[PDB]
């Protein structure tokens, strides 16, 4: 029941208790620049290196910009793209500041291709909900995700709280099997990221509640010790 994300360069696998449980819905919630995307990227790279397939749906980067970003963190994924191991889905209308309102959530729920992979990542699910133009609500979306995670797949969304009402956020949080909140904070001269695991159903072992890190060129996530 544990999906592995192990890399030589960090011990994030130990701090989440060994791996990510199959059937997890992970919500990563935090404001801009608090490290949500990089976290998704580290997790995606971990999975892909451990022979899992990943769908990565980005409301922010074209395929090109993603390849550069991953390459910049030394999480390069060119071979994985070529084989289809990594299915990257740029949401052009949200990338392009035309930003048009659309049945995003219907598309998300109805595109079979995404869910053939082991792991499906929506960075940002908050932008997709906030720009949806339909009677599909969040309870429906959450129910749908629960159905997919019941197949032992893993879903990971980022949420920026500043672009959704509290009413909606509270529902996403309840649905989460794993809820992580990201922030920035400063100690000594240093800005750092903190990822706090507010909730972790099926927690596969003892895990660290507060994970401090920084994002480093040509490393990615550098986790700070203890």
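Positions refer to the first chain, counted from 1.
Practice prompt. Look up the CA B-factors in the entry and say which stretch, 156-164 or 183-191, has the higher mean.
Written response: That would be 183-191.
Worksheet item: So 38-46 or 166-174, which one's hotter by mean CA B-factor in the entry?
Response: Looking at the record's C-alpha B-factors, the answer is 166-174.
Discussion item. By the recorded C-alpha temperature factor, relative to the other modelled residues in its chain, which third is residue 137 in?
Written reply: As the PDB entry reports it, the C-alpha B-factor of residue 137 lands in the highest third of its chain.
Worksheet item: Can you tell me which third, lowest, middle or highest, the CA B-factor of residue 96 falls into for its chain?
Response: Its C-alpha B-factor, which the entry lists for residue 96, ranks in the highest third among residues of this chain.
Worksheet item: With respect to C-alpha B-factor, does residue 146 fall in the lowest, middle or highest third of the chain as deposited?
Response: For residue 146, the deposited C-alpha B-factor lands in the middle third.
Worksheet item: Would the CA B-factor of residue 118 place it in the lowest, middle or highest third of its chain?
Response: Tercile = lowest for this residue's CA B-factor.
Worksheet item: What third of its chain, lowest, middle or highest, does the C-alpha temperature factor of residue 64 fall into?
Response: Tercile = middle for this residue's CA B-factor.
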